[PDB]
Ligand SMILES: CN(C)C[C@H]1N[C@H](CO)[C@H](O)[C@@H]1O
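In the block that follows, a single chain appears as structure tokens, in the form deposited without the ligand.
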């Protein structure tokens, strides 16, 4: 989308994976979708270094709405759970130097069953702008017509544009197309800042794997369309929760960097380990994800339960990720000629290699003819940065 936004992949926090549609503020007050949760999350984003690391957007997902629209046909926040409204929540979020994301649906209802935007695209977009919304995640439930789907996503794109407000437009367009036909990604890019391609992530290694496998299987269709202002969205970072081992967390962080993915954490910032925090706030890994060239990476190689991915970076630098997909035994050695990396450019005539994950370690100078030898933990990833050099 040519709106001047998402020139690098968007970074922030989104409630969905970790908090979902918890409406029970009486028996689950700490977990329910309330203005208090978003306020408290905003406070920790500032005080715990998240904003400094680049996580700017505090995002509300589904289940913020009142059951019905008001007497004007405008959306309302739930009166019991958001008694002060979205306007004052946005004011609060902006005073902390952060931005506010919200959620709506192209069909007649949201996925959770709250008012949908069909028939209200212009009204809904304007009320978001009036409230001071900075990002919109637009879902695709309760829309069984292919025509309506495309018309809605296109309509809402222009509807937001006409407000004069700078709002990041996050679409689920391609994901809801697959049941009907293969998406036109050139068209989606024209209208969206980023787009969900695949099924919702959950708190599991199974889910990370299925997202990676879908991406690599479909990469010839999606890689080259990504770039400044328009990114593929493989869904939320789920590091800091419950279902991933340390190595599986490393794999997600490393690969979301390779993929030029928007980085939306879905976790609890009030209850997060020092280890998960350090990984999510890793300067060098975030710098890869945020590289100004904006070229999405890809799977270079697969075989023998190993995967090699690489991403071209600015200044003839490259990020290389090696995944060990064997889920038995111990660390396995993998060797590769550096000439095979970065299309033969990264290390011609030499490169300086620095391991970034699982730990940061300078590996030294590698001649074009030389071999890189490494060891990779089961379900883990080794992430390397290659710096082209004459030295």
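Numbering follows the first chain given and starts at 1.
The following text describes the form solved in complex with the ligand, which does not appear among the structures shown.
- At the 4.5 Å threshold, heavy atoms of residue 99 stay clear of the ligand in the deposited complex, well away from it.
- For the chain shown alone, residue 13 is not a contact residue for the ligand in the deposited complex, no non-hydrogen atom being within 4.5 angstroms.
- Using a 4.5 angstroms limit between non-hydrogen atoms, residue 196 touches the ligand in the deposited complex.
- Not displayed here, the ligand is kept clear of residue 231 by more than 4.5 Å at the level of heavy atoms in the deposited complex.
- Residue 200 is the only one of 200, 130, 304, 284 with a heavy atom lying within 4.5 Å of the ligand in the deposited complex.
- 112 is the sole member of 123, 276, 317, 112 with a non-hydrogen atom lying within 4.5 angstroms of the ligand in the deposited complex.
- Stretch 131-139 is the contacting one of 131-139, 203-211, 87-95, 260-268, since its residues have non-hydrogen atoms within 4.5 Å of the ligand in the deposited complex.
- Scanning 52-71 for heavy atoms within 4.5 Å of the ligand in the deposited complex gives 61, 62 in sequence order.
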